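Below is one structure, written out as structure tokens; the observations come after it.
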Amino acid sequence: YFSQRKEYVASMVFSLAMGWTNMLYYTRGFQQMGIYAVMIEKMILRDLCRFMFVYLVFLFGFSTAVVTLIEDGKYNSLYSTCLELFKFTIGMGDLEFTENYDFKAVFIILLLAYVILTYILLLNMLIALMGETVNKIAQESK
Amino acid sequence: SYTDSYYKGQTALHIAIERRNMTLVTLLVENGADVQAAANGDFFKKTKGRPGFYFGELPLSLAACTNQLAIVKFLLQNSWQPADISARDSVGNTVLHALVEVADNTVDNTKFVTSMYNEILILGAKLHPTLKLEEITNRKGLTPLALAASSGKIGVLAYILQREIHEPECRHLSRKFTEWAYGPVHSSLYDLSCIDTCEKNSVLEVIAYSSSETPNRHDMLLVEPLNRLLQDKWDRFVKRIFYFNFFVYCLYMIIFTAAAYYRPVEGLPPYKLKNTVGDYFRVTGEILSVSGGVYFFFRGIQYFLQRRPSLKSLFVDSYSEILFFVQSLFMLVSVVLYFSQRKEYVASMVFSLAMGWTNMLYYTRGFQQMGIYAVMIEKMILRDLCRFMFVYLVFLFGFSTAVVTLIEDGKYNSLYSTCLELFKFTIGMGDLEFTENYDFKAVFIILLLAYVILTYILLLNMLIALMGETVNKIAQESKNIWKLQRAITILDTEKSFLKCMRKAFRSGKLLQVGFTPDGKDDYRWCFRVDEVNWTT
Amino acid sequence: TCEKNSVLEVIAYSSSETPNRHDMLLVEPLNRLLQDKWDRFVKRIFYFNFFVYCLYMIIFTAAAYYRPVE
Ligand SMILES: C=C(C)[C@]12C[C@@H](C)[C@@]34O[C@](Cc5ccccc5)(O[C@@H]1[C@@H]3C=C(COC(=O)Cc1ccc(O)c(OC)c1)C[C@]1(O)C(=O)C(C)=C[C@@H]41)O2
Ligand SMILES: C=C(C)[C@]12C[C@@H](C)[C@@]34O[C@](Cc5ccccc5)(O[C@@H]1[C@@H]3C=C(COC(=O)Cc1ccc(O)c(OC)c1)C[C@]1(O)C(=O)C(C)=C[C@@H]41)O2
Ligand SMILES: CCCCCCCCCCCCCCCC(=O)O[C@H](COC(=O)CCCCCC)COP(=O)(O)OCCN
Ligand SMILES: CNC[C@H](O)[C@H](O)[C@H](O)[C@H](O)CO
């Protein structure tokens, strides 16, 4: 701010966001409510940290395969393709095969394989593990 | 004798009985110690939020509560200063009330307390045959049976309702009367007094309208005479009345829906009737709808005034009455806005209409199969969503105001639109279409993806795991929940009944024993049960 | 009150690998002490801290919302 850069807005906003979620710290010590803060702690530190490597392997592998196969289109940059395949993981892609392009059959096979592997299989694996972690610490709530 | 505010009234006889010294008790009673002193200090009162020993404040109560029968017989029979068996404390609890209070639904405690209760009743019959201890109520108007039912003492309740004494000169204290037995089957009579018709506070009223903290609220209905009573009342007359009420409610909602759908669209209510068929039927439907709203309104007020529920348990019990009452309130507010010449009555009417259908789920209670869904919806809403709202709103507001602050000039530049879109993202129907030209786009993307990962993936599945655990918690308890709801329905149907008859009795006013302590005979509304048991 | 190293400090600031870190607080004098200190004076201080943090965040939000756009 004092260095004459408008980029301070960016830093400010992150603190503002964090400032609200840190109010979960004050749920600790209520017998009913503290379990939610604990569950979030355990899930972020254990489950997402371990799952991240697996998912990034799958994401980068299929993403770079798609970018290599495609030439001259929207899917010709790592940025857009990573965004799109990540959208497919969390079930908000669209698989609209409405482009004129080469090796269309192989492109379709790859996207279907990725969708099955990440949406159906991996994501429910993670959700199963998170459910295990959540149920494991209900009885320790006291 | 202790004179402070903590041990007020404690004296030597209490110490001797407490120490289990027969010799010192005999000497103290010999020397003229008061056998009816009241030790009512704060250490000795009935209380939960302070360590203490409540026994009923009297030496006889102390002796009974401590499993010392010899001292009880001494105090009652000894001629230096005999003890009154029917004495009461400051709470009004007699020895039997004190015995009920010290139960804890364990095997050995059940054996002790049941034994001491039985012996005291026999001795009371012998000493004062015209005395009826079991009809003495404490300060709150509870008999020992009602106190046991309210407190959830399953052992004492099971003992009392199934009490039998095979001995003359005390047989009139029995309640279960075995008339015959065959190989696997035996037929008996059950006394039934103050189960159905006591006029003050019956057992079924106490069990049904308990405050949901009672440790065995639903197991108490499995005790045999109660279970047979509820089944008989259900099959005899209540079942038909319940189905009739459900059918009438269905007709009411059909009329209400039809009237609501065909509202006039012209401005400025109220609207005047034209001499045409559709107007007559529409106005008829409106009048019936408002009538139904007024009916449910006054039923709600009657319920709340009769029960007087506390704020802490206002919703934990009485969920259904609250929802029916809120439906009534929306209907009345709609009527007020209608005759006040405002369009906004449509808004109020609509909410009542929606509520009117979902309250149909109240009638799936009392089915063994179907009532579990109504119960699950209630518990999920009352526990999981109400606790989870604070957490989720903290996240929503944090990222919402962050994004609004970052962005200048766009659709994401007001709290309303950004809160709605972030909510859409949380339930998995966003767009993520990062196609707008605006500054700080990288930070915007980082914020939004962090929000998606935090709320869509993580928190939402946390909620779902918790709700699923709740459902699996009560997959098992269906059988008991069904019975409890059926009991509440039966009592509620008994209370109104809209015929001026109170034929709530089961079997005849039969002579039970015929041989009282005096020359009279007792007719007691006994109820016949033929039980079967394949043991041996 | 130890002045060097008390029991509650040792239990509370343990490294989470201690086998009975949760059960050690159920020992009766400790459980009563924590309940007593909570009800005596700490509970009001904690609620006051939470209230002040709420006010702080509201002030921060309002100040950030109305930043100048030049
Ligand atoms: C320092 C770490 C470890 C951390 C800091 C930030 C970036 C964080 O994301 C993480 C990584 C992350 C990012 C996005 C999704 C999942 C995980 O986890 C926390 C950190 C994690 C969260 C979410 O965790 C919470 O529910 C807050 C919280 C939970 C439990 C508590 O006991 C607690 O006490 C203070 C606070 C909030 C953020 O700080 C936040 O508001 C933003 C913008 C990102 C979250 O990085
Ligand atoms: C009075 C309360 C507590 C309540 C009243 C309304 C606003 C309610 O939303 C809530 C809050 C809410 C709103 C939206 C989603 C979840 C919860 O829960 C009920 C209330 C909750 C429901 C949903 O609950 C049901 O399944 C009805 C029901 C379940 C079990 C029963 O035993 C029962 O007997 C009457 C009825 C129906 C609504 O009343 C309805 O139709 C509308 C429009 C909103 C629902 O507020
Ligand atoms: C399940 C747990 C593990 C999950 C891991 C999450 C992985 C998600 C990966 C998504 C990356 C999507 C990046 C968006 C690309 C983009 O939209 O483009 C970006 C825009 O800039 C940025 O926002 C910087 C990158 C954002 C930082 C992002 C962490 C570059 O610039 P261009 O606009 O010119 O791209 C020109 C092309 N149109
Ligand atoms: C179907 N197009 C997107 C939907 O609107 C919805 O957002 C999405 O399909 C769900 O998240 C997956 O079930």
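Please note that chains go A, B, ... in the order of the structure tokens, that every chain numbers its residues from 1, and that ligands are numbered from 1 in the order shown.
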
Checklist entry - So which residues touch residue A:89 within 7 Å, counting only C-alpha atoms, skipping near sequence neighbours fewer than 3 positions away, as a list in words? => result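 Selected residues are residues 85, 86, 115, 118 and 119 of chain A.
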
Which residues of chain C have any atom within 12 Å of an atom in chain B when counting only C-alpha atoms, and what is the closest pair of atoms for each, with the distance in Å to one decimal? Order the rows by chain and rising number and write it as a tab-separated table.
residue	atom	partner	partner_atom	distance
C:54	CA	B:394	CA	11.5
C:57	CA	B:398	CA	10.0
C:58	CA	B:401	CA	10.9
C:60	CA	B:401	CA	10.8
C:61	CA	B:401	CA	7.4
C:62	CA	B:401	CA	9.5
C:63	CA	B:405	CA	9.9
C:64	CA	B:405	CA	6.6
C:65	CA	B:405	CA	5.1
C:66	CA	B:405	CA	7.9
C:67	CA	B:405	CA	8.1
C:68	CA	B:408	CA	10.3
C:69	CA	B:408	CA	7.9
C:70	CA	B:408	CA	11.1

If you run DSSP on the backbone here, which positions in stretch 64-155 of chain B get helix (DSSP H, G or I)? Please write them as a tab-separated table (two decimals) with N, CA and C atoms, in the first residue's frame.
chain	number	residue	atom	x	y	z
B	64	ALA	N	-34.98	-47.33	54.61
B	64	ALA	CA	-35.47	-48.04	53.43
B	64	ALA	C	-34.52	-47.87	52.26
B	65	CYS	N	-34.03	-46.65	52.04
B	65	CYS	CA	-33.16	-46.37	50.91
B	65	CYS	C	-31.80	-47.05	51.01
B	69	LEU	N	-33.61	-53.50	56.33
B	69	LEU	CA	-34.99	-53.85	56.64
B	69	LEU	C	-35.24	-53.95	58.14
B	70	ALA	N	-34.26	-54.46	58.89
B	70	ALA	CA	-34.43	-54.66	60.33
B	70	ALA	C	-34.69	-53.35	61.04
B	71	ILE	N	-34.00	-52.29	60.62
B	71	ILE	CA	-34.20	-50.99	61.23
B	71	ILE	C	-35.59	-50.47	60.90
B	72	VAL	N	-36.07	-50.74	59.68
B	72	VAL	CA	-37.41	-50.30	59.30
B	72	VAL	C	-38.45	-50.97	60.17
B	73	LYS	N	-38.33	-52.28	60.36
B	73	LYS	CA	-39.28	-52.99	61.21
B	73	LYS	C	-39.19	-52.49	62.63
B	74	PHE	N	-37.98	-52.20	63.10
B	74	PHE	CA	-37.80	-51.65	64.44
B	74	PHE	C	-38.52	-50.31	64.58
B	75	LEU	N	-38.28	-49.39	63.64
B	75	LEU	CA	-38.87	-48.06	63.73
B	75	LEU	C	-40.38	-48.11	63.64
B	76	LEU	N	-40.91	-48.99	62.80
B	76	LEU	CA	-42.36	-49.04	62.62
B	76	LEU	C	-43.05	-49.75	63.78
B	77	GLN	N	-42.45	-50.81	64.31
B	77	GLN	CA	-43.12	-51.65	65.30
B	77	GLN	C	-42.82	-51.25	66.74
B	95	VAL	N	-41.95	-42.77	51.74
B	95	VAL	CA	-40.90	-43.78	51.63
B	95	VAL	C	-40.89	-44.41	50.25
B	96	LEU	N	-42.07	-44.59	49.66
B	96	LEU	CA	-42.16	-45.22	48.35
B	96	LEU	C	-41.64	-44.29	47.26
B	97	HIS	N	-41.95	-43.00	47.37
B	97	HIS	CA	-41.38	-42.03	46.45
B	97	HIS	C	-39.87	-41.99	46.57
B	98	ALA	N	-39.36	-42.00	47.80
B	98	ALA	CA	-37.92	-42.02	48.01
B	98	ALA	C	-37.29	-43.27	47.42
B	99	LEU	N	-37.98	-44.40	47.52
B	99	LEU	CA	-37.47	-45.63	46.93
B	99	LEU	C	-37.43	-45.54	45.42
B	100	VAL	N	-38.44	-44.90	44.83
B	100	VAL	CA	-38.44	-44.72	43.39
B	100	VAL	C	-37.27	-43.84	42.97
B	101	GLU	N	-37.00	-42.78	43.73
B	101	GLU	CA	-35.97	-41.83	43.34
B	101	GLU	C	-34.59	-42.45	43.29
B	107	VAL	N	-29.41	-54.21	37.59
B	107	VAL	CA	-29.97	-55.47	38.06
B	107	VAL	C	-30.02	-55.51	39.58
B	108	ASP	N	-28.90	-55.19	40.23
B	108	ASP	CA	-28.84	-55.35	41.67
B	108	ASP	C	-29.68	-54.29	42.37
B	109	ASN	N	-29.62	-53.06	41.87
B	109	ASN	CA	-30.47	-52.00	42.39
B	109	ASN	C	-31.94	-52.35	42.23
B	110	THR	N	-32.30	-52.91	41.08
B	110	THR	CA	-33.67	-53.37	40.87
B	110	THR	C	-34.06	-54.41	41.91
B	111	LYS	N	-33.17	-55.37	42.19
B	111	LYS	CA	-33.47	-56.38	43.20
B	111	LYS	C	-33.67	-55.76	44.58
B	112	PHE	N	-32.75	-54.88	44.99
B	112	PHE	CA	-32.86	-54.23	46.30
B	112	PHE	C	-34.16	-53.46	46.42
B	113	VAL	N	-34.42	-52.59	45.45
B	113	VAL	CA	-35.51	-51.64	45.58
B	113	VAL	C	-36.85	-52.35	45.46
B	114	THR	N	-36.94	-53.32	44.54
B	114	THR	CA	-38.14	-54.12	44.41
B	114	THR	C	-38.42	-54.90	45.69
B	115	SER	N	-37.39	-55.50	46.29
B	115	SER	CA	-37.57	-56.24	47.52
B	115	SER	C	-38.06	-55.33	48.64
B	116	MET	N	-37.38	-54.20	48.84
B	116	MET	CA	-37.72	-53.31	49.93
B	116	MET	C	-39.12	-52.73	49.75
B	117	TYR	N	-39.48	-52.41	48.51
B	117	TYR	CA	-40.81	-51.92	48.22
B	117	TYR	C	-41.87	-52.95	48.58
B	118	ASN	N	-41.65	-54.20	48.18
B	118	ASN	CA	-42.62	-55.25	48.45
B	118	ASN	C	-42.80	-55.46	49.94
B	119	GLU	N	-41.69	-55.53	50.67
B	119	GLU	CA	-41.75	-55.76	52.10
B	119	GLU	C	-42.44	-54.61	52.82
B	120	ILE	N	-42.14	-53.38	52.41
B	120	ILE	CA	-42.76	-52.23	53.06
B	120	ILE	C	-44.25	-52.23	52.82
B	121	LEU	N	-44.68	-52.60	51.61
B	121	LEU	CA	-46.11	-52.59	51.35
B	121	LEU	C	-46.84	-53.64	52.18
B	122	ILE	N	-46.24	-54.82	52.32
B	122	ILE	CA	-46.88	-55.86	53.12
B	122	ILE	C	-46.98	-55.41	54.57
B	123	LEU	N	-45.90	-54.83	55.09
B	123	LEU	CA	-45.91	-54.36	56.47
B	123	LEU	C	-46.91	-53.22	56.65
B	124	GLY	N	-47.01	-52.34	55.67
B	124	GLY	CA	-48.00	-51.27	55.74
B	124	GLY	C	-49.42	-51.80	55.76
B	125	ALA	N	-49.68	-52.84	54.96
B	125	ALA	CA	-51.00	-53.46	54.99
B	125	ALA	C	-51.29	-54.05	56.36
B	126	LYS	N	-50.29	-54.68	56.97
B	126	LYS	CA	-50.52	-55.31	58.27
B	126	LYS	C	-50.78	-54.26	59.34
B	127	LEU	N	-49.99	-53.19	59.36
B	127	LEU	CA	-50.09	-52.24	60.45
B	127	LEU	C	-51.34	-51.38	60.34
B	133	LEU	N	-51.01	-46.38	50.85
B	133	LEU	CA	-49.83	-45.57	50.58
B	133	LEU	C	-49.71	-45.23	49.11
B	134	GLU	N	-50.01	-46.18	48.23
B	134	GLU	CA	-49.75	-46.01	46.81
B	134	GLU	C	-50.58	-44.90	46.17
B	135	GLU	N	-51.64	-44.44	46.82
B	135	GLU	CA	-52.44	-43.33	46.33
B	135	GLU	C	-52.01	-41.97	46.87
B	144	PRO	N	-46.30	-42.74	43.42
B	144	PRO	CA	-45.04	-43.45	43.15
B	144	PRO	C	-45.00	-44.11	41.79
B	145	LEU	N	-46.13	-44.62	41.31
B	145	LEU	CA	-46.15	-45.19	39.97
B	145	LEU	C	-45.93	-44.11	38.92
B	146	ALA	N	-46.63	-42.98	39.05
B	146	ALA	CA	-46.45	-41.89	38.10
B	146	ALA	C	-45.04	-41.34	38.16
B	147	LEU	N	-44.48	-41.23	39.36
B	147	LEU	CA	-43.11	-40.77	39.49
B	147	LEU	C	-42.14	-41.73	38.81
B	148	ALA	N	-42.37	-43.03	38.98
B	148	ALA	CA	-41.54	-44.02	38.31
B	148	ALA	C	-41.67	-43.91	36.80
B	149	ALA	N	-42.89	-43.71	36.31
B	149	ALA	CA	-43.11	-43.60	34.87
B	149	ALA	C	-42.43	-42.37	34.30
B	150	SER	N	-42.55	-41.24	34.99
B	150	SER	CA	-41.91	-40.01	34.54
B	150	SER	C	-40.40	-40.14	34.55
B	151	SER	N	-39.84	-40.70	35.61
B	151	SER	CA	-38.39	-40.79	35.71
B	151	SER	C	-37.78	-41.82	34.77
B	154	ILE	N	-37.36	-48.30	34.50
B	154	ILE	CA	-38.00	-49.43	33.85
B	154	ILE	C	-38.22	-50.57	34.84
B	155	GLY	N	-37.26	-50.80	35.74
B	155	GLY	CA	-37.38	-51.93	36.64
B	155	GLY	C	-38.54	-51.80	37.61

Let me see if you get this right: every residue at most 6 Å from ligand 3, counting only C-alpha atoms and all ligand atoms, written as an mmCIF file with C-alpha atoms, in the first residue's frame.
data_model
loop_
_atom_site.group_PDB
_atom_site.id
_atom_site.type_symbol
_atom_site.label_atom_id
_atom_site.label_comp_id
_atom_site.auth_asym_id
_atom_site.auth_seq_id
_atom_site.Cartn_x
_atom_site.Cartn_y
_atom_site.Cartn_z
ATOM 1 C CA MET A 52 -3.184 -34.461 -4.206
ATOM 2 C CA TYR A 79 -3.877 -23.552 -18.964
ATOM 3 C CA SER A 80 -7.223 -24.123 -20.624
ATOM 4 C CA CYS A 82 -5.920 -28.225 -17.139
ATOM 5 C CA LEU A 83 -8.903 -26.051 -16.252
ATOM 6 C CA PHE A 86 -10.302 -30.238 -13.582
ATOM 7 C CA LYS B 441 -7.956 -12.181 -12.711
ATOM 8 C CA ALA B 442 -5.363 -14.588 -11.332
ATOM 9 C CA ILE B 445 -9.380 -17.563 -10.044
ATOM 10 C CA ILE B 446 -7.334 -18.696 -7.054
#

Please report, as CSV, each residue of chain A lying at most 10 Å from ligand 4, together with the nearest pair of atoms and the separation in Å rounded to one decimal; use only C-alpha atoms and all ligand atoms, and order rows by chain and ascending residue number.
residue,atom,partner,partner_atom_place_in_ligand_line,distance
A:87,CA,ligand 4,11 (O),10.0
A:88,CA,ligand 4,12 (C),9.6
A:90,CA,ligand 4,11 (O),7.3
A:91,CA,ligand 4,12 (C),4.9
A:92,CA,ligand 4,8 (C),5.2
A:93,CA,ligand 4,3 (C),7.3
A:94,CA,ligand 4,2 (N),6.8

Next on the checklist: Around ligand 2, out to 9 Å and counting only C-alpha atoms and all ligand atoms, which residues are there? I want them as a PyMOL selection string.
Outcome noted: chain B and resi 315+319-324+326-327+350-365+371+373-379+381-382+385-386

Next on the checklist: Taking only C-alpha atoms and all ligand atoms into account, which residues have an atom no farther than 8 Å from ligand 1? I'd like them as a count of residues only.
Outcome noted: 32

Checklist entry - Taking only C-alpha atoms into account, which residues of chain B are within 10 Å of chain A, as a PyMOL selection string? => result chain B and resi 383+387-388+390-407+425+428-432+434+440+442-444+447+452-454+456-459+461-466+468-469
